[PDB]
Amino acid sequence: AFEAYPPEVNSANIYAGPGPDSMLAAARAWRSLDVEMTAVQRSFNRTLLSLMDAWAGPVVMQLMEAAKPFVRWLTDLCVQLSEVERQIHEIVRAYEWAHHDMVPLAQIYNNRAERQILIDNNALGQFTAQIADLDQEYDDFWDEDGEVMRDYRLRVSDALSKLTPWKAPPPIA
């Protein structure tokens, strides 16, 4: 219920923070992290494969085979790393829409200013329709802000649901 909060608060809250730059730096970081771990995976396969043959022996194979679970785990980690960046970008884009779609504070304040000015001069009932007009606009701002915030919650929640727990590696016997 961001629809519990009034437009003054929902709009102010979305315009408060420092923006997405922190999230975008983290995104780039997860990406460089996926890259290094790709290169790591390949050099581990290298150490097991390319730099092995020269020396043969049943023990060489016993180890080379016991490492199979871990190389497979490494591949699965690499896939999972490549998704983080994507989900961060979805989070940020959703935030951008929330920020862009919220009713600007000035419009909410101008609405309360004008309604009060009509009230001030409505001893004769001349402005009762226009006050009703400003009241409906305000209620509309409340519903709109509430809806923006609901759609932001939904998008961020979906994004996060794609971020699966980091699974532990198996041992190399």
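All residue numbers are counted from 1 along the displayed sequence.
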Quick one: say whether 42 to 50 or 118 to 126 has the higher mean Cα B-factor in the deposited entry.
42 to 50
Look up the CA B-factors in the entry and say which stretch, 148 to 156 or 13 to 21, has the higher mean.
13 to 21
Comparing recorded Cα B-factors across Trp55, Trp142, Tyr109, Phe70, which one is largest?
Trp55
Where does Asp135 sit by CA temperature factor within its chain: lowest, middle or highest third?
lowest
Consider only the C-alpha atoms of the modelled residues in this chain, order them by B-factor as the entry records it, and name the third containing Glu83: lowest, middle or highest.
highest
Splitting the chain's C-alpha B-factors into thirds, which one does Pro6 fall into?
middle
